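Don't worry about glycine lacking a Cβ; one is built from the backbone with ideal geometry, like all the others, and counts go over all protein chains shown. Laboratory data are not the source of any read-out in this text; all were calculated from the coordinates shown.
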Amino acid sequence: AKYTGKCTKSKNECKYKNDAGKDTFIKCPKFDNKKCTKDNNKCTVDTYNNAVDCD
């Protein structure tokens with residue numbers, strides 16, 4: 001439950017797994033003002049209701 005990964009300030013893209021270990025990237029629509037702006041930061045994907053936890 002709740003996937004954990006990191007994004008990239010380059011173009012913003014939180015990485016995580018959907019099936020189990022499938023390296024998949026996803027933007028941070030949750031915080032359009034506090035989205036991932038760091039490299040290899042701390043962000044978790046919540047498919048439960050589509051909402052990442054970008055730093």
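Name every residue in segment 31-44 that is basic (K, R) and surrounded by fewer than 15 Cβ atoms within 10 Å (Cβ to Cβ), in order of residue number.
Just the residues of segment 31-44 that are basic (K, R), to begin with: 34-35, 38, 42.
Once the filter is applied, which keeps residues that are basic (K, R) and surrounded by fewer than 15 Cβ atoms within 10 Å (Cβ to Cβ), segment 31-44 yields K34, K38, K42.
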Out of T8, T47, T4, sole residue that is surrounded by 15 or more Cβ atoms within 10 Å (Cβ to Cβ) and free of Cβ contacts under 8 Å to residues at least 60 places away in the same chain: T8
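Which of the residues spanning segment 18-30 are surrounded by 14 or more Cβ atoms within 10 Å (Cβ to Cβ) and either of a type in the set (G, A, S) or not in a strand (DSSP E or B) (or both)? Before the answer, list the steps.
Of the residues in segment 18-30, the ones surrounded by 14 or more Cβ atoms within 10 Å (Cβ to Cβ) are 24-28, 30.
Residues satisfying the conditions are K27, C28, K30.
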Taking segment 1-17 and keeping residues of a type outside the set (V, I, T) and part of a loop (DSSP other than H, G, I, E, B) leaves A1, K2, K6, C7, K9, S10, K11, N12, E13, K17
